[PDB]
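Okay, here we've got a single chain as structure tokens, the form deposited in one PDB entry, with questions on binding and movement later.
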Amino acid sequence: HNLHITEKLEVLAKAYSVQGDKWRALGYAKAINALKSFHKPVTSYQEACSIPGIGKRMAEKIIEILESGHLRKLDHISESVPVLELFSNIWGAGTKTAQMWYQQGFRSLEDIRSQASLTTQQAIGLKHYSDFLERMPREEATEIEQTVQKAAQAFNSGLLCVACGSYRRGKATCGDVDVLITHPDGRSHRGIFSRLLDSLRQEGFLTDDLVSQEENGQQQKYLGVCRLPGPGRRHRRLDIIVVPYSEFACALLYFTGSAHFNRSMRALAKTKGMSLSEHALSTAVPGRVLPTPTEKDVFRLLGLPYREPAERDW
């Protein structure tokens, strides 16, 4: 858990990421993970090369940081990167939009606010800019889960509500709250976004909607914004997903993450003639859905030993 190479490599990874070089940024992210969980400090080029996730090129960069104290490429990062990061930290704006605003001459959030064309989602990101960069204490994520759960349960007592994401992975702070709802009755989950969201609105808890297709009877997710009542409260991102019970174990696995963990698990299923999504684990193609009543069944069918959510925190 100790390295001084990763500090330098993260700056590069983030730069490629905000410039839209998503594959290169992915190679970096994994290299960093490998470096992060190596016992020893890495000392030989030979030793770097030996690691999975670390190729010829990553090894040369490591040998440079060791040999000298620096990575020369860090001196040549595009001058646009800090601005592109500023702009892609607006919820609903990504690298393409950031790059366009840059090309148009914008350089600050004041330029965005006064001159840029914003989508509805972006106007909401912008207005909650600081809040959405903050992580909340896990105790607050608890209160948010409980607000959602009380609202759901009032409608139907048998509804099951579990906070997922970082919260379920045991983290002390959380970027937002992700709540998964199902019903062991196989049926009653259907159509409730109507009732649940209307309830949470009546209380004034939800302050804005980001993604909510409420014209569709088969809406899967709500992504939006909430604020607990009373003084000293900030706006928080809230994600709610409602899933049939047969999909509960796959939904829980998915929504718990981490994102890297899921990508890795899916890559791996794929090497075994299988396919893993938030809905199911299947044979590959028309494939067959396999029965997965618990997360442990997903692990077992992939030939892997179970991992507690706290150990998925890649």
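For the two forms, the rigid core is made up of the largest set of C-alpha atoms that agree within 1.5 Å on superposition. All residue numbers are counted from 1 along the displayed sequence.
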**OP:** Quick one: classify how much of the deposited chain lacks coordinates between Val285 and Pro286, choosing none, 1 to 3, 4 to 9, or 10 or more.
**Re:** 10 or more
Original post:
Mean C-alpha B factor from the entry: is it higher for 192-200 or for 92-100?
Top reply: 192-200
Original post:
When the C-alpha temperature factors are averaged for each of 174-182 and 70-78, which stretch ends up with the higher value in the entry?
Top reply: 70-78
**OP:** Between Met265, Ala259, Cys49, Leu281, let me know which has the highest C-alpha B-factor in the entry?
**Re:** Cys49
**OP:** Identify, among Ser130, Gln115, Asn216, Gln121, the residue whose C-alpha carries the highest B-factor in the deposited PDB entry.
**Re:** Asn216
Original post:
According to the PDB entry, is the CA B factor of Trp23 in the bottom, middle or top third of its chain, that is, lowest, middle or highest?
Top reply: middle
Original post:
Which third, lowest, middle or highest, does the CA B-factor of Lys150 fall in along this chain?
Top reply: middle
Original post:
Sorting the chain's CA B-factors, does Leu304 end up in the lowest, middle or highest third?
Top reply: highest
Original post:
Taking the C-alpha B-factors as the PDB entry records them, is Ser157 in the lowest, middle or highest third of its chain?
Top reply: highest
Original post:
Based on the entry's values, in what third of the chain does the Cα temperature factor of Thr43 lie: lowest, middle or highest?
Top reply: highest
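Unshown form deposited in another entry; subsequent notes refer to it.
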Original post:
After aligning the rigid core, which of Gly105, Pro184, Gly217, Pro229 is the one whose Cα travels 2 Å or more between this form and the one not shown?
Top reply: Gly217
Original post:
After superposition on the rigid core, does the Cα atom of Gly69 shift by at least 2 Å between this form and the one not shown?
Top reply: yes
Subject >> Pair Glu247/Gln218, Cα separation in that other deposited form versus the displayed form, closer or farther by 3 angstroms or more >> reply: closer
Original post:
Hey, the CA atoms of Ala123 and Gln218 end up closer or farther in that other deposited form than in the shown form, with the change being 3 Å or more?
Top reply: farther
